[PDB]
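Undergrad: Letter by letter, the sequence shown follows residues 1 to 363 of the working numbering.
Note that beta-carbon positions come from the ideal geometry of N, C-alpha and C, so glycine has one too.
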Amino acid sequence: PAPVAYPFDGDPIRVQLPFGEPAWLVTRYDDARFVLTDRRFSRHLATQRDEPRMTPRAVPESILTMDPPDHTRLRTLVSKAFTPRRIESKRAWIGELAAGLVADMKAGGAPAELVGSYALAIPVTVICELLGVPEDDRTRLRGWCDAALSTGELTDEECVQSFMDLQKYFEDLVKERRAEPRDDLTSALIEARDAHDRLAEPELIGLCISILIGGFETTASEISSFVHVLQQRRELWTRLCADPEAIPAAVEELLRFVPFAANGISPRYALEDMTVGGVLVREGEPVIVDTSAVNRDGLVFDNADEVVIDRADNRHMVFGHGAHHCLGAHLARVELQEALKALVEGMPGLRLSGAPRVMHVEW
Ligand code: HEM
Ligand SMILES: [Cl-]
Ligand SMILES: [Cl-]
Ligand SMILES: [Mg+2]
Ligand SMILES: [Mg+2]
Ligand SMILES: [Mg+2]
């Protein structure tokens, strides 16, 4: 087919992202399950092909560009450190943090700018605390944080200097924690072993960066979009004010419902010619799962285009599937649950004044 421009039956669609080669776009859940689970699809060809992507720089090698067995080694090592216990043990604290940020907005008076004061504030502080970045070094991360969230108007060179600054900073942090270990994720990653296997210094630095960048904008955008969606369907906001125990269910359903601009899921490359949902995918061609479409696939989700908080069997793909399923999924869930909880408890009368980049709120 002639490719169509992406971002903008059920058969895969030929698309052209802003950069890279043309790709097949998968919109059906059943098709996506194959693409993301099966060992006949590869990520590591990313770095030998011209990867469909939103930004011009060729993609750096990372945990997200690996295939089993190299990938499995990395995930095994990371799972020794990034454990569900280490995550849950932070829930109360994340809750206190969230409550404190709501109280800070209150003390400043309406209107507050929710993106900057809340949606961005929670994940950057949570990730930093987890990683062990001290408060008096967090200024080093601000450049990236601006680069991730903006258009206005960082230079090409400021972006690359701010990303290299992440490398430089995390190199220092990894050296410091190797020499003086602490109770943080960075030290636990350095200490992780699987027999004699361990993460090399460049792998540690890369993982710290992958954690920060995987957790920051994603979590931030979802907090902002959750609040937007709940405010436009205010009957749902009110329900959560009346029934804060429904928040975990509501987080799952908002994760399903909130549409991604681009592909949150990275391209997978066919290792041999295969038909997927009726189209021939050639050896070496990329296939992109559209998270938003798959999460609205009416063959799987009844009333897919409505928000149904208590939806039974809400097995969405917002965190992907298969081997590369979001390392941070549990942490993200904790952050989103506690973010919504603090807002509905602290500001049940919240309304919009004028994901979003800026979003002003009164109460
Ligand atoms: C709402 C928040 C989040 C969303 C929607 C999200 C989404 C995703 C998705 C879709 C993937 C798979 C990409 C693919 O297979 O191509 C992924 C992977 C990843 N996520 Fe997240 N994520 C979120 C939060 C986090 C957090 C808080 C962290 C870290 C603490 C994190 C770290 C990562 C990492 C390291 C990977 C790569 C895993 C691998 O390749 O094995 N994410 N995430
Ligand atoms: Cl042929
Ligand atoms: Cl999941
Ligand atoms: Mg299979
Ligand atoms: Mg140094
Ligand atoms: Mg109850």
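State the CB to CB distance for the pair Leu36 and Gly264, rounded to an integer number of angstroms; the pair is presumed to be in contact (CB under 8 Å).
TA: With 8 Å as the limit, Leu36 and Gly264 do not qualify as a contact, their Cβ atoms being about 12 Å apart.
Undergrad: Where does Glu272 fall in DSSP's three states?
TA: coil
Undergrad: Would you say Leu64 touches ligand 1, meaning its beta carbon is less than 7 Å from a heavy atom?
TA: Yes, ligand 1 has a heavy atom inside 7 Å of this Cβ.
Undergrad: Could you work out which residue in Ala188, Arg28, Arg53 is closest to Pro286 when comparing CA atoms only?
TA: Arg53
Undergrad: According to DSSP, simplified to helix, strand and coil, what is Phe226?
TA: helix
Undergrad: Can you give the Cα-Cα distance for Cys128 and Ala179, rounded to whole angstroms?
TA: Their backbone Cα atoms lie some 19 Å apart in a straight line.
Undergrad: When DSSP builds the beta bridges, which residues end up paired with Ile13?
TA: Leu25
Undergrad: Return the CA-CA distance between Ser42 and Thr83, expressed in angstroms with no decimal places.
TA: 26 Å
Undergrad: Looking only at its own chain, which residues have a Cβ that is under 8 Å from the Cβ of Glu158, when we skip the five neighbours before and after it?
TA: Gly143, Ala147
Undergrad: Relative to ligand 3, is the shortest distance from any of its heavy atoms to the C-beta of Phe319 smaller than 7 Å?
TA: yes
Undergrad: Residues in the same chain with beta-carbon distance under 8 Å from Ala5, minus the five sequence neighbours each way, listed in chain order, please.
TA: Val15, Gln16
Undergrad: Using the Cα positions of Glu88 and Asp184, report the straight-line distance between them to the nearest angstrom.
TA: 14 Å
Undergrad: Looking only at its chain, what residues have a beta carbon closer than 6 Å to the beta carbon of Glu171, apart from the 5 residues adjacent to it on each side?
TA: If we look at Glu171 and ignore the five residues flanking it on each side, its Cβ neighbours are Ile205.
Undergrad: Let's test the definition: count the other Cβ atoms within 10 Å of the Cβ of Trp237 and tell me whether it reaches 16, buried, or not, exposed.
TA: buried
Undergrad: Can you have a look at residue 376 and say buried or exposed, based on whether 16 or more other CB atoms are within 10 angstroms of its CB?
TA: What the structure shows of the chain is the stretch from 1 to 363, and residue 376 is not part of that stretch, so it cannot be assessed.
Undergrad: Short of 6 Å in beta carbon distance, which residues of its chain neighbour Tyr29, apart from the five on each side in sequence? Order them along the chain.
TA: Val294, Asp297, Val300
Undergrad: Give a single yes or no on whether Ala329 has its beta carbon closer than 7 Å to a heavy atom of ligand 3.
TA: yes
Undergrad: Measuring CA to CA, which of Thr155, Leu74, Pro3 is closest to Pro202?
TA: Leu74
Undergrad: Within the present structure, is the beta-carbon of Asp172 separated from the nearest heavy atom of ligand 5 by less than 7 Å?
TA: yes
Undergrad: So what does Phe41 bridge to, in DSSP terms?
TA: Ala270
Undergrad: Determine the contact status of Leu255 and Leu340, defining contact as a CB-CB distance below 8 Å.
TA: no
Undergrad: Report the rounded CA-to-CA distance for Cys326 versus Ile13, giving the unit in angstroms.
TA: If you take the alpha carbons of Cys326 and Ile13, they lie about 25 Å apart.
Undergrad: By Cβ distance, which residues of its chain are closer than 7 Å to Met274, with the 5 residues on each side in sequence left out?
TA: Correct list, in chain order: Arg40, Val281.
Undergrad: When we look at the beta-carbon of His196 and count the other beta-carbons within 10 Å, is it buried (16 or more) or exposed?
TA: exposed
Undergrad: Taking Cβ to Cβ, would you say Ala342 is nearer than 8 Å to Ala99?
TA: yes
Undergrad: Apart from the five residues on each side of it in sequence, which residues of its chain come closer than 6 Å, Cβ to Cβ, to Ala249?
TA: Hits under 6 Å: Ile309, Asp310.
Undergrad: Where does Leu199 sit, in a helix, a strand or coil, going by DSSP?
TA: Note: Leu199 maps to coil in three-state DSSP.
Undergrad: Between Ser79, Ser117, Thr125, which has its C-alpha nearest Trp93's C-alpha?
TA: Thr125
Undergrad: Following a CB-centred definition, is residue 393 positioned closer than 7 Å to any heavy atom of ligand 4?
TA: As displayed, the chain neither begins before 1 nor continues past 363, which places residue 393 out of reach and without an answer.
Undergrad: I'd like the list of long-range same chain contacts for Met105, defined as Cβ closer than 6 Å, with 5 residues on each side in sequence excluded.
TA: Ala112, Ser117
Undergrad: How many whole angstroms separate the CB atoms of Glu253 and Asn314, which I take to be in contact at a CB cut-off of 8 Å?
TA: 6 Å
Undergrad: DSSP on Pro60, reduced to helix/strand/coil?
TA: Three-state DSSP puts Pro60 in coil, outside helix and strand.
Undergrad: Considering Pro123, what are the terminal residues of the alpha helix (DSSP H) in which it resides?
TA: 121-131
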